[PDB]
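The chain below stands alone and is given as structure tokens, in the form solved without this ligand.
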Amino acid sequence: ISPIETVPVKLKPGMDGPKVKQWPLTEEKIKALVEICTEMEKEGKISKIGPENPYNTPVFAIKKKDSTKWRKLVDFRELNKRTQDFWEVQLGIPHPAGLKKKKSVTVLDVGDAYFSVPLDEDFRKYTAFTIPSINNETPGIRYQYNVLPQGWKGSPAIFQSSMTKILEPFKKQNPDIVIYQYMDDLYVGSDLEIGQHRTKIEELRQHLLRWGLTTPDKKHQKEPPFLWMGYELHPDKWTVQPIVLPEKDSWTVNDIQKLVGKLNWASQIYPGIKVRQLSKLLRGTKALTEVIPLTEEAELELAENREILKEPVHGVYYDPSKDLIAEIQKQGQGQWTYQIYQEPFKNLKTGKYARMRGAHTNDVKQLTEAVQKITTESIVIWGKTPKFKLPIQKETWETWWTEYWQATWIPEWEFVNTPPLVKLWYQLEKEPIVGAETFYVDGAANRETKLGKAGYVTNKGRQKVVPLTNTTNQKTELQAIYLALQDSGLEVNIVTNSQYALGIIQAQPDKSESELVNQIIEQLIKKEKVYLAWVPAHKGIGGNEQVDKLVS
């Protein structure tokens, strides 16, 4: 064994170690001495300190985890917040699509490496644990950890630091050997011949044994496929582990959440996954034991997802000698899919974007949100922003970014004709229309009464006022614009006294959470030319003062 250095660990200042007794347990689930404890004491992972360590921690045996293997899962829920904080240095999880074409691949596993990495001397006392012996009728003996506990707050960071320190000399001495080290896995690949690669693997094993870490051949995976973090590595292919979707005839909300989660997990390779109808059932919902009915849309969506998943699909590994191309498609209701690839019909990765940013948004903005996401994911996974192949027309994009009040950009894209193509349905007018009808719209509502009036006046003299109930001033403004749009012809000039409504319709939305806005968009797309203008309120400007008195 080698003397791998320990890391100094302390509690948070001004607060001391916990003392938590153990909940009542069962004789079947426990022992007079938890038989693994004595063996670990002999092995050196645990020592005995009885009189002068008046600290404790909850200890139990797990039956659900690892197929009732009875793992010694000691719970440190209190000491975790009682101890100092740590900065975990790894953020995400490696993706095979970021891997290269390596001729020889071997996966090494380090079993119980946490219990092999030593713990700091001072902090050993704070991890004291005791267990009752028989039916909680005997006290038992109090022990204390000598190595890294399983599930302690600093354990992952400390183990990663120790393991990268161990692996540093070997990586330095061999630059051609690639070694992915995530948590408790060790993917090792190379461009060497198979025999020489296995020889290097044996040198790696002997090096780790010199450092006290062993890689048992029980978990040492020799030949492909190599199960890696739930993926199936092949010489020229990768695939997620085969998925077993719930085929239950009845569907609870818990089962629906399981379905959508497994569908999201399968979405990174299977194209065309949609979960919007299965999440509209999740919003609001009900008690988890309530048998949730399935809408026709939801069941059609599930059938389509099943027919997608009934065939196998696979990705390909990265090749730095080529370029990355991503094509975006539109799936309606605010759903988008992309197929990042390098050569046609062999896609490195796949995914979906279905978020709704804002109560009022349209196709162009959501496509910009999709490209801006794909960008940051591609940066994370490859370090290069891909070339986009968008459905938006170049003229439409130019118009949008030149006339929009924000700063928007898309890195580099070529227009691809794949319907439904993103296009702007309606445009407003910059100059008043010659020979159009002018409407002065105003709506006044008292919040203390939850009533109000909405209507308009016109230069040609026609007037209208409708009473309102259970609506706010904003609503009244939107309804006033709605009446002005409805009662007018294909060309109309509307004067409004509401910056809120003027900004909402000016943002040029296509879909909204408000039926008022949806109806307004339908009227506007039906119309041919529409102009909007804003005047101050209570300014005595023309018939606006009169209509204000009418709707007050």
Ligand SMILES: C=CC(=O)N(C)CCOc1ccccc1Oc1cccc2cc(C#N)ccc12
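Residue numbers here begin at 1 and follow the sequence given.
Unshown form deposited with this ligand bound; subsequent notes refer to it.
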- prompt: How does the site look for this ligand after superposition from its pose in the deposited complex: open, or blocked with 3 or more ligand atoms within 2.4 Å of a backbone or C-beta atom?
  reply: blocked
task: Give a yes or no on whether each residue among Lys100, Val105 and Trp228 has a heavy atom within 4.5 Å of this ligand in the deposited complex.
output: yes
task: Indicate whether this ligand has at least one heavy atom within 4.5 Å of a heavy atom of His234 in the deposited complex.
output: yes
message: Contact with this ligand in the deposited complex for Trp251, defined as at least one heavy atom pair within 4.5 Å: yes or no?
response: no
- request: Could you confirm whether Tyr180 comes within 4.5 Å of this ligand in the deposited complex, counting heavy atoms only?
  value: yes
task: Evaluate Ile292 for contact with this ligand in the deposited complex, applying a 4.5 angstroms cut-off between non-hydrogen atoms, and reply yes or no.
output: no
query: Which one of these stretches, 120-128, 284-292, 299-307, 185-193, sits within 4.5 Å of this ligand in the deposited complex when only heavy atoms are counted?
result: 185-193
